[PDB]
């Protein structure tokens, strides 16, 4: 029957769970770094803390955007001379969220590529002195969304609650609304399964929410080829 619906539900929960566990470990570093900088954030200690093998191999750039405009980042790169950390989208994201949150994908100014930033408000007893941040390329996340093994029948993407596709294997549909990519019979966020057409291919979409992301309701979208998926086992 439509036990394929049961398959898309389990794969959606497993993917959403694997993305949560993947982001939890990286959030652990930024919080551990923000709490250490809360105890000491002198340029001597901030330098030694920002350059360590665990942070360097995990994020493209690990940095502390201070409250007075001071910026320290590892590794260093070419940023505009008027670079103010407080005008950055990751600075206001951690401030408005009041906790460790994820930024929607934006253009990284140094390497010119889509990245998602983990950011925490660095405070010492409700007195914020800066915002700690770490950059994850959108390409890394896309690889983690599709780490599960499909039968070549579909893929998996990340979409927000409002319908804006965050990370996606197709670079075109990134940051575009769910209505833009699917103009007619736009899939609905949440349960259940929706039918749509993309590039002349009948597609079935399912959405499983990413549990555990404080401050965000992000859904793992699973878009599978309808005809290719109905090739079932015995």
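Residue numbers count along the first chain shown, from 1.
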Pick between 143-151 and 96-104: the one whose mean CA B-factor in the entry is higher.
143-151
Looking only at C-alpha temperature factors in the entry, 39-47 or 53-61, the higher average sits in 39-47
Per the entry, which of 34, 165, 28, 196 tops the list for Cα B factor?
196
Using the temperature factors of the C-alpha atoms in this entry, rank residue 73 within its chain: lowest, middle or highest third.
lowest
Classify residue 127 as lowest, middle or highest third according to the C-alpha B-factor given in the PDB entry, relative to its own chain.
highest
By the record's CA B-factor, is residue 208 among the lowest, middle or highest third of residues in the chain?
lowest
Can you work out whether the C-alpha temperature factor of residue 80 puts it in the lowest, middle or highest third of the chain?
highest
